[PDB]
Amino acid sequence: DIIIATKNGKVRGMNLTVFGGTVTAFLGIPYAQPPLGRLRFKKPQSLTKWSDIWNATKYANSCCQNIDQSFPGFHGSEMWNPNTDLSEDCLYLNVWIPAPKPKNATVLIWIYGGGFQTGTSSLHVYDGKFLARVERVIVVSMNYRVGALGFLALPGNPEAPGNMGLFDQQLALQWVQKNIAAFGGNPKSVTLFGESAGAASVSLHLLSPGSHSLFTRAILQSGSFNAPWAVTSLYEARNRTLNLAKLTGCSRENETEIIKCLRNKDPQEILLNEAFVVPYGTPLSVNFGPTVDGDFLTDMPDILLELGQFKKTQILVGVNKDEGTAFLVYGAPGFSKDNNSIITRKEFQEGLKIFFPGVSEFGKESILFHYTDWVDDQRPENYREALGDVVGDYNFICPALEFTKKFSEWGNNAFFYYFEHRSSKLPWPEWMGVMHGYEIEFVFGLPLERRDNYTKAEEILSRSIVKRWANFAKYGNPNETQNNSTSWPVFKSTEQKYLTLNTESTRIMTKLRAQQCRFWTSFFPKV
């Protein structure tokens, strides 16, 4: 029988057969009191103690969230939708342990993305059994509250203070500290990693003093807090709180009556109004996300970064080749996943209106001018690819590069990567390229499974990335082997070297998309 004694009680797991070995899995451990009833919109309350044995043998409920139904039946969009029932009672975590039990294993803690409005740790692409099996690491992941239930903010009011989903994540890290030894893991060797809004969350744990003792190192995939979508100003968030009140007939004279009113709405009545709190949004709108709450964040994060007030540790950062393409088929004119989306100069100008709704006509012209110095005038694909790059540079690449620059300037080793391989099984069309989110399956080792019809090159790439990630967690250095391997050098703000990841050649290069990023850092803010 598979039983571990946690400080809240005993849990029962399951045995999994992975590559002729075993992985012990405990799926669905609770780490907090369910945020029901009067605990709606409050920080997670710590768990008590049960006397039974909790049966951690299935994934648990996913937190309440709207679903993406833009392409019914499409594996492309549906692989991100929740694969367990939805409920407000969702504060559960999973643990994958290598067999035979380790004695001081390094722990990798995954934090999913989803614009802070969607996501769940139970998705097939976040399956930590391969990492446990192949690299002997413990893998942990948690469900955290998304949308208004996760990030509604009346700043300074404990009834709805903001950043609750981030405190959710933080509590799960507290659990790993208190309990992971009992499973064989070293609480002094804990590496957070996440993707997109999960990576933005990981960068915010670097800034937040209450997290500093809960992990060792950070891995940020396709996101950072200084991305234009990741943080809301303190008073833009309280404004959206009040318009959600109005949208459900909860406008009141004092804030705590507002909250008491919101607490008796049914989740669906809240999720049904979340889109409407922003006047005019883009496909990258975060309706309810991290804010300056005075608690988890004591200042706008760009200030803390500049002043050097953050955890001093090693980081691993990178981005994908085609971050922007996914968002074009969610609101730009002339774009479909089912045709090759050749657009015109004026469709391109309408695209920019979709993604830059508040920008002047001169600013939209300067973006267009910077992105139309074609190598070949036709190339019908010019304007289609230009728009993908505008979205991808402004929203993911240039901020990740800026964060790594500023962070490395205070003396810790930083490593940067450019992921360039398109998955051979990728359900989206070819013109969308190396999309946002489609390195995750390679980070978790899914191509190591041969019955799954990936290419042998893809198994070798995924085997490499798994090794480099797990070595970075263990040693602070994303090396593969000492010989017959390209050295991944540290990213310093002068040379700015990064490693490229694909099947043909891993190369050291420098100054990734510097001529694009110079626009967003040095011209666009002045517009």
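Numbering starts at 1 and runs along the sequence shown.
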Higher mean Cα B-factor in the deposited model: 504 to 512 or 9 to 17?
-> 9 to 17
Select between 433 to 441 and 331 to 339 the stretch whose C-alpha atoms have the higher average B-factor in the entry.
-> 331 to 339
Going by the CA temperature factor in the entry, name the top one among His421, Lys406, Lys103, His212.
-> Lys103
Per the deposited B-factor column, the C-alpha that peaks among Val190, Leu448, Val137, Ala414 belongs to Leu448
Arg145 by Cα B-factor - lowest, middle or highest third of the modelled chain | lowest
What third of its chain, lowest, middle or highest, does the C-alpha temperature factor of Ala56 fall into?
-> highest
Is the Cα B-factor recorded for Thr313 in the lowest, middle or highest third of its chain?
-> lowest
Looking at the entry's B-factor column for C-alpha atoms only, identify whether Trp96 ranks in the lowest, middle or highest third of its chain.
-> middle
Sorting the chain's CA B-factors, does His205 end up in the lowest, middle or highest third?
-> lowest
